[PDB]
Amino acid sequence: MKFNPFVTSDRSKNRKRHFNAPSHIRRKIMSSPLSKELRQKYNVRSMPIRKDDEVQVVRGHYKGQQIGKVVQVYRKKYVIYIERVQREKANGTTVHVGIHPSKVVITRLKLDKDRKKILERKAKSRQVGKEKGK
Amino acid sequence: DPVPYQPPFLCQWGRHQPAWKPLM
Amino acid sequence: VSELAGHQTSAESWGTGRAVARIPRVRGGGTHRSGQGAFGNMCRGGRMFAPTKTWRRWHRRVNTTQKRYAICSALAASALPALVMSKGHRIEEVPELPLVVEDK
Amino acid sequence: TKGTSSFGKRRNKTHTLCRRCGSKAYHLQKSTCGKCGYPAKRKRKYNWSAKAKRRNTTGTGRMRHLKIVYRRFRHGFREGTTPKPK
Amino acid sequence: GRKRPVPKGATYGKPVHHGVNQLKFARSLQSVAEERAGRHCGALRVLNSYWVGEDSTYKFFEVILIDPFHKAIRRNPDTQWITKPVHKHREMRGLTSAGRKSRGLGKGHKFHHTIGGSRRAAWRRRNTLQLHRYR
Amino acid sequence: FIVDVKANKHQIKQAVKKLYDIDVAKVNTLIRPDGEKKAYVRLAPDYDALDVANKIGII
Amino acid sequence: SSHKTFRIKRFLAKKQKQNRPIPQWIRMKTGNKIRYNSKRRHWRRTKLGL
Amino acid sequence: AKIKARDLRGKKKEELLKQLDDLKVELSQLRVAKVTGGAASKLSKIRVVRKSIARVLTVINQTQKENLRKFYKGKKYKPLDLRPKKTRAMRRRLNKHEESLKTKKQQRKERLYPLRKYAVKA
RNA sequence: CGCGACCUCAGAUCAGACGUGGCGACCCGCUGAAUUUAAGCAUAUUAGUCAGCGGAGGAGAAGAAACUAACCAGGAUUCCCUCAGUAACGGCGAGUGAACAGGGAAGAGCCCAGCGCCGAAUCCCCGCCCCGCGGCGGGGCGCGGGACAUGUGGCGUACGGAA
RNA sequence: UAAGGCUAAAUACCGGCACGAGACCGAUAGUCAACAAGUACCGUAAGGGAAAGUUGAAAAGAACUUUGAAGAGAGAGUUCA
RNA sequence: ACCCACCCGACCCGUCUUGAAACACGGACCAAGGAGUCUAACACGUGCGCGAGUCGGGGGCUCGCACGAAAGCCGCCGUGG
RNA sequence: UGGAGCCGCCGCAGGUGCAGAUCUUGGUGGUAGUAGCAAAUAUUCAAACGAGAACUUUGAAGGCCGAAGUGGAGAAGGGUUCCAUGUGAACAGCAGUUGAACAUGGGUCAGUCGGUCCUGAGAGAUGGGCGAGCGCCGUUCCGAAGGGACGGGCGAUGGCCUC
RNA sequence: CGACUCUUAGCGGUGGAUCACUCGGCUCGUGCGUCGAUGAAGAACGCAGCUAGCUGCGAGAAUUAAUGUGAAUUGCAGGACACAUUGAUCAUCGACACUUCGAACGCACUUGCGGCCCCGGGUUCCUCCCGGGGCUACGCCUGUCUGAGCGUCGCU
Ligand SMILES: [Mg+2]
Ligand SMILES: [Mg+2]
Ligand SMILES: [Mg+2]
Ligand SMILES: [Mg+2]
Ligand SMILES: [Mg+2]
Ligand SMILES: [Mg+2]
Ligand SMILES: [Mg+2]
Ligand SMILES: [Mg+2]
Ligand SMILES: [Mg+2]
Ligand SMILES: [Mg+2]
Ligand SMILES: [Mg+2]
Ligand SMILES: [Mg+2]
Ligand SMILES: [Mg+2]
Ligand SMILES: [Mg+2]
Ligand SMILES: [Mg+2]
Ligand SMILES: [Mg+2]
Ligand SMILES: [Mg+2]
Ligand SMILES: [Mg+2]
Ligand SMILES: [Mg+2]
Ligand SMILES: [Mg+2]
Ligand SMILES: [Mg+2]
Ligand SMILES: [Mg+2]
Ligand SMILES: [Mg+2]
Ligand SMILES: [Mg+2]
Ligand SMILES: [Mg+2]
Ligand SMILES: [Mg+2]
Ligand SMILES: [Mg+2]
Ligand SMILES: [Mg+2]
Ligand SMILES: [Mg+2]
Ligand SMILES: [Mg+2]
Ligand SMILES: [Mg+2]
Ligand SMILES: [Mg+2]
Ligand SMILES: [Mg+2]
Ligand SMILES: [Mg+2]
Ligand SMILES: [Mg+2]
Ligand SMILES: [Mg+2]
Ligand SMILES: [Mg+2]
Ligand SMILES: [Mg+2]
Ligand SMILES: [Mg+2]
Ligand SMILES: [Zn+2]
């Protein structure tokens with residue numbers, strides 16, 4: 001259960017805070033888990049996805065083992081566009097079919113200084129939590 | 001166009017109209 | 001239900017002499033809601049029969065001796081595994097039904 | 001002749017747009033409003049029209065000063081302070 | 001006294017209220033003088049008032065007024081309760097000595113109204129129904 | 001020219017003379033039924049209108 | 001009436017600029033629930049009783 | 001291409017006015033290009049030019065108001081724009097010393113009879 | 001044939017400040033009916049009620065007895081229960097209708113004028129030095145002004161006070 | 001011990017800000033207003049005052065051929081549908 | 001149980017009324033909404049606990065309230081009805 | 001058919017069962033392809049545009065309003081209805097190639113034309129008076145209601161300190 | 001067989017009832033309890049590249065600056081930034097800014113007419129004209145200046 005009386009835990013209110021969330025909260029909602037090699041290397045469970053991360057599609061009709069780069073992260077519909085995850089229209093043009101990032105695993109990150117300090121902060125928090133649980 | 005209002009009340013039958021009267 | 005629900009309209013009834021039947025209807029206007037009908041449980045919109053109030057007798061107080069009697073009967077039927085299986089608890093490997101364990 | 005021929009000769013106006021409430025209520029002869037009472041210093045409101053009150057309470061317009069009063073209240077009414085720069 | 005502000009006769013209803021001449025205004029004329037002084041100067045604050053003379057057609061009162069913003073009052077700890085915003089328009093709310101006597105408030109067996117806050121509060125406690133949770 | 005509604009003819013004259021360094025014979029204003037002011041700036045005959053229109057960009 | 005004042009002409013200019021249909025690029029938005037304008041004023045129906 | 005704020009914090013006022021006038025010239029040229037059509041590459045720069053004008057005027061207004069409050073900082077009567085505005089009654093409150101002014105009788109009471117610290121049942 | 005003081009009353013785009021208005025659920029001061037009931041109705045009732053007017057605050061008001069009681073006496077005010085639908089009011093008809101005491105929540109006490117004793121010992125504004133000056137405060141330097149004996153400040157208020 | 005004054009706490013809150021909960025209602029119900037709602041609209045004015053939720057998992061919203069001027073169809077296509 | 005055929009019966013429902021099929025009234029048809037509720041005072045009957053006693057009102061003590069604004073308890077277990 | 005929640009039993013609770021109320025809302029029939037598209041004399045032929053002509057346009061003929069007009073321009077009022085281009089989804093109670101419809105654009109230029117200035121009938125402030133109060137009465141009435149100027153005198157800066 | 005009429009079923013139309021969903025109400029409870037002449041509430045008018053309405057904003061006008069966060073916005077174009085750089089977008093917002101009416105403040109409310117100083121064009125203050133900047137509401141409080149009085153007094 002929840003014991004904090006400030007946490008919402010309401011049906012319509014949580015749906016409101018989900019579907020009317022601003023962009024910096026949508027970035028945290030649209031986070032995806034990492035592969036087992038990346039989890040062993042960084043001790044990081046999940047990360048928000050970026051413009052040019054490498055992605056395997058886990059569930060859906062477009063399920064496969066192909067590592068596809070993200071085309072772009074569209075945070076209004078809570079979706080991402082990947083390179084080879086596309087589909088031909090009636091007029092022959094290909095449109096990228098969006099996949100929700102919960103059905104998305106990261107195989108390679110695009111590392112900059114902000115992502116390095118985020119992963120170091122999360123690894124430090126995991127180390128403090130493991131020391132408190134030990 | 002706006003919604004038409006209800007047909008007015010025509011003060012048609014009464015003391016004034018001799019077109020049809022009951023026994024009085 | 002709020003006290004203002006159904007009576008925020010100002011609907012004076014059209015009386016006798018017209019084809020309408022004695023319902024409080026909305027005064028004038030070039031609106032869809034114009035001479036429509038309110039102030040009744042039978043009308044679209046309006047208020048219902050018996051608006052529910054906050055001062056209903058919601059709560060019940062029981063005698064203290066009756067509450068103690070019922071909780072002693074509940075503690076007594078916490079034993080007697082024919083009453084526990086008829087409640088629906090799977091019991092088939094429980095070694096003793098007044099199951100008293102250590103202080104650890 | 002109290003009907004259509006009386007509607008025919010309606011030319012000149014009595015009420016115009018007021019300049020405190022912006023509604024068509026400013027009477028050209030009495031120089032008053034009757035919706036807010038413009039030559040009076042006080043706003044015309046009554047308790048027999050709660051609907052006309054809630055047409056213009058304080059939660060109606062832009063609230064362009066009162067919303068930042070509410071925000072400065074929840075912030076703490078501090079003045080002249082700047083956050084720590086980089 | 002006070003004549004009822006109606007037209008020519010015209011107190012419509014039951015014959016209890018048709019008299020308009022011989023009725024009396026329930027608040028004192030000294031408090032009316034304090035009220036008019038505070039209405040003319042809402043910037044000043046009424047302390048109290050007293051009597052300096054009377055005619056057949058007029059009374060004459062002297063109303064003590066205090067600056068909320070002058071430093072001799074504002075820095076004096078004895079009289080800086082006046083500068084607090086709770087005491088705005090005592091002449092209007094009936095908090096001075098002339099308007100307090102018209103409220104009918106006091107201790108004992110002779111008033112029995114204003115036995116809470118005022119007549120309104122006494123009426124409210126005596127005519128609100130206390131419907132409990134368990135009754 | 002299309003001008004803000006709070007302007008004078010002297011203001012439009014000195015504005016054109018300050019911006020494009022050209023002398024003005026007269027300024028002739030109207031207000032469109034869209035809120036904006038329309039200014040016909042009659043120029044002095046020593047300077048051409050088509051040349052200064054080519055300078056300001058319109059053709 | 002050809003003898004307008006500045007306030008009346010400014011009000012009528014804003015009414016002219018409001019009487020304008022919805023552009024076609026609105027309907028391709030994501031959270032659109034707007035089909036037509038529903039405030040298209042004609043000079044015979046609503047007569048602006050100013 | 002970007003006109004930021006850190007590079008404008010330390011510039012001279014006449015150079016800020018010259019850059020403002022250059023941005024106004026570019027804004028007028030982009031309005032003329034908008035009316036003559038031009039291209040979308042000219043239609044998209046008008047927002048950048050307007051925000052750059054807003055940044056330049058903002059930095060100028062910052063510097064002049066901190067210079068004015070540095071000038072009037074120290075005087076007893078400062079202008080109403082420089083006086084603090086919290087709310088009406090909060091400006092009409094006391095002086096933070098007048099609330100702490102006690103009379104000699106009350107100071108004598110608090111001095112001769114202070115609230116003592118005590119406990120019972122021992 | 002004027003000057004100088006006081007007293008009353010003016011004029012200032014004088015130096016420095018205050019109020020106007022809004023919201024108004026709760027609160028205070030007024031004003032204030034009629035539906036309805038009495039199987040009619042007129043006192044009564046609805047009802048100090050709706051409507052109307054002004055005033056603030058985060059609560060307001062009240063409040064430390066010109067009190068309750070008649071007892072082995074209690075002891076500011078406010079609020080809950082009980083007193084109690086009682087005493088009492090009422091074409092004694094319909095109906096209206098408290099309080100004391102008691103059990104709790106909270107609990108906090110005080111200041112003036114007068115009586116008097118201290119050399120006005122008191123207070124406001126402007127010039128300069130020192131402190132931070134973004135709810136303009138403290139100390140000193142000014143035969144620098146003003147208020148004030150038609151009374152400012154200290155002791156002192158009914159529980160007594162002063163020498 | 002009246003004809004002078006101050007004072008928090010226990011108290012009230014259908015206005016406002018931030019919240020939580022429901023043996024409540026589920027688009028003729030629940031606020032007038034789940035939606036561009038005090039909006040469109042009506043009255044000279046004070047005032048009155050609506051109707052109106054649902055494609056699909058994703059527009060992938062029917063390319064192209066053919067009759068008709070087109071609205072409209074017949075094929076073909078998308079979708080588990 | 002769908003339709004048709006035959007024999008006998010068979011006037012259109014609700015209401016006011018002594019009396020309705022009525023030349024008495026409401027009524028084209030269909031879908032949705034729609035009318036004996038809630039508080040207090042009583043009276044009687046019934047179910048339960050205790051019994052010349054009964055009840056805890058109000059308040060206070062325990063849990064920081066998921067379940068809870070529940071529950072448990074009171075030299076207040078009787079101030080009081 | 002449908003595509004995402006639902007039911008039985010023991011108990012509790014209610015906004016719990018419709019055929020009517022000239023019931024409220026919404027929708028649809030017979031009437032019924034019926035009444036009607038009949039006030040102010042009147043249209044006809046050929047051609048252009050088009051898929052389409054009784055209504056558009058052009059030419060010709062015959063008519064009507066008959067200068068107190070079915071003409072040319074204003075005021076109140078309307079607010080883009082004015083003009084061009086394109087369409088014929090909806091409207092113009094038949095149709096339309098047409099429109100005051102729809103969609104893009106465009107259009108109103110003043111020292112001399114009016115407002116602006118004055119005052120009339122009147123309205124409405126200050127003082128004053130009244131009123132519990134929002135405010136009300138009144139425009140010379142219980143008013144210190146002028147902020148201007150000529151000639152002269154003193155003092156001062158600005159411009160070749162002469163003027 | 002006909003046409004037409006009645007009933008039933010299959011299918012197709014008008015219509016939106018039932019059911020299932022709900023970024024919405026209603027009720028109860030908690031914490032705070034804050035507007036305004038330093039210009040409130042409200043109203044009017046403008047502001048987007050393509051923008052009608054809602055929402056947001058104020059000629060710096062779909063937002064400015066700072067801080068936090070860290071690669072977008074999006075319906076389509078466009079251009080910035082190298083996201084190894086105070087750095088796109090969002091939130092906080094404490095700095096800046098906030099047209100006109102409005103208690104509304106020079107007088108009235110047509111956006112008409114003014115008065116007093118200063119600056120820039122005109123000019124080299126010498127008066128016109130134009131633009132910009134600061135004042136000019138009422139009542140009242142302390143003090144200053146100018147005063148009035150056959151109101152009360154001292155010298156002549
Ligand atoms: Mg309802
Ligand atoms: Mg009576
Ligand atoms: Mg008091
Ligand atoms: Mg008395
Ligand atoms: Mg018309
Ligand atoms: Mg006020
Ligand atoms: Mg009666
Ligand atoms: Mg009766
Ligand atoms: Mg009232
Ligand atoms: Mg108080
Ligand atoms: Mg007392
Ligand atoms: Mg007592
Ligand atoms: Mg009574
Ligand atoms: Mg003394
Ligand atoms: Mg003292
Ligand atoms: Mg619906
Ligand atoms: Mg439905
Ligand atoms: Mg609804
Ligand atoms: Mg529906
Ligand atoms: Mg549907
Ligand atoms: Mg299907
Ligand atoms: Mg009968
Ligand atoms: Mg019978
Ligand atoms: Mg009979
Ligand atoms: Mg019958
Ligand atoms: Mg018969
Ligand atoms: Mg009958
Ligand atoms: Mg019938
Ligand atoms: Mg039903
Ligand atoms: Mg009985
Ligand atoms: Mg019984
Ligand atoms: Mg009893
Ligand atoms: Mg229910
Ligand atoms: Mg039915
Ligand atoms: Mg026919
Ligand atoms: Mg005809
Ligand atoms: Mg003509
Ligand atoms: Mg035309
Ligand atoms: Mg037609
Ligand atoms: Zn108005």
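What follows draws every value from the coordinates through simple rules; no lab data is involved. With ideal geometry, Cβ positions are generated from the backbone for all residues, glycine too; neighbour counts draw on all protein chains shown.
What the table below lists for this structure:
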read-out	value
Pick from the stretch E:1-33, criterion in a helix (DSSP H, G or I) and either within 14 Å of chain H (Cβ to nearest Cβ) or near RNA strand I (Cβ under 10 Å from one of its atoms) (or both), ranking: surrounded by the most Cβ atoms within 10 Å (Cβ to Cβ)	E:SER31
Pairs, first within 13 Å of ligand 1 (Cβ to nearest atom) in the stretch C:1-28, second not in a loop (DSSP other than H, G, I, E, B), C-beta under 9 Å, six or more apart	C:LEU4/D:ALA50; C:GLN8/D:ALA50; C:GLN8/D:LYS51; C:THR9/C:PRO24
C:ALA50 part of a loop (DSSP other than H, G, I, E, B), out of contact with any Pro (no Cβ under 6 Å at 6 or more places or on another chain), of a type in the set (A, V, I, L, M, F, W, C) and within 16 Å of ligand 1 (Cβ to nearest atom)	yes
Matching residues, the stretch H:86-103, being within 16 Å of RNA strand J (Cβ to nearest atom) and among the charged types (D, E, K, R)	H:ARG88, H:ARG93, H:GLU98, H:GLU99, H:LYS102
One residue from G:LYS33, G:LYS39, G:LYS29, G:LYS15 being within 13 Å of RNA strand J (Cβ to nearest atom) and in a helix (DSSP H, G or I)	G:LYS15
Those residues of the stretch A:53-70 which are part of a loop (DSSP other than H, G, I, E, B) and either within 22 Å of A:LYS28 (Cα to Cα) or touching a residue at least 12 places away in the same chain (Cβ under 8 Å) (or both), in sequence order	A:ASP53, A:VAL58, A:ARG59, A:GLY60, A:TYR62, A:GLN66, A:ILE67
Residue in the stretch H:84-95 that is assigned to a helix (DSSP H, G or I), surrounded by 13 or more Cβ atoms within 10 Å (Cβ to Cβ) and within 14 Å of chain D (Cβ to nearest Cβ) present	no
Test: residue in the stretch H:111-120 that is in a helix (DSSP H, G or I), within 16 Å of RNA strand I (Cβ to nearest atom), over 30 Å from E:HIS87 (Cα atoms) and among the aromatic types (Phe, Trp, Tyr)	no
Qualifying positions in the stretch F:12-59 - loosely packed, with under 13 Cβ neighbours inside 10 Å, more than 14 Å from every other protein chain (Cβ to nearest Cβ), part of a helix (DSSP H, G or I) and not acidic (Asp, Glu)	F:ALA49, F:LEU50
Any hit, the stretch C:58-68, residues being assigned to a loop (DSSP other than H, G, I, E, B) and within 8 Å of RNA strand L (Cβ to nearest atom)	no
Pick from the stretch D:31-59, criterion within 11 Å of RNA strand L (Cβ to nearest atom) and closer than 25 Å to G:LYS47 by Cα, ranking: nearest to the chain's Cα centre (by Cα)	D:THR32
Selected residue (only one of C:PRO81, C:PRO95, C:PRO24 is surrounded by fewer than 11 Cβ atoms within 10 Å (Cβ to Cβ) and not basic (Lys, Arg))	C:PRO95
Every residue from the stretch E:62-94 that is without any contact (Cβ under 8 Å) to a residue 12 or more places away in the chain and either small (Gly, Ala, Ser) or within 16 Å of ligand 4 (Cβ to nearest atom) (or both)	E:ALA72
Output for the stretch G:2-43, where each listed residue is farther than 23 Å from B:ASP1 by Cβ, of a type in the set (S, T, N, Q) and within 11 Å of another protein chain (Cβ to nearest Cβ)	G:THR5, G:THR30
C:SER34 being more than 16 Å from RNA strand I (Cβ to nearest atom), surrounded by 12 or more Cβ atoms within 10 Å (Cβ to Cβ), within 26 Å of D:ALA52 (Cα to Cα) and of a type in the set (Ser, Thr, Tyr)	yes
Among the residues listed as A:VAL44, A:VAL73, the single one being closer than 21 Å to G:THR30 by Cα, crowded, with 16+ Cβ neighbours inside 10 Å and touching a residue at least 24 places away in the same chain (Cβ under 8 Å)	A:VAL73
Qualifying residue in the stretch A:115-130 (condition: among the charged types (D, E, K, R), more than 14 Å from the chain's Cα centre (by Cα) and surrounded by 13 or more Cβ atoms within 10 Å (Cβ to Cβ))	yes
Selection count, the stretch A:73-88, where residues are under 15 Å from A:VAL58 (Cα atoms) and not in a strand (DSSP E or B)	2
Looking only at the stretch F:25-50, and only at residues there that are free of Cβ contacts under 8 Å to residues at least 24 places away in the same chain and in contact with a helix residue (DSSP H, G or I) (Cβ under 7 Å, 6 or more places away or on another chain), the one that is nearest to ligand 2 (Cβ to nearest atom)	F:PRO33
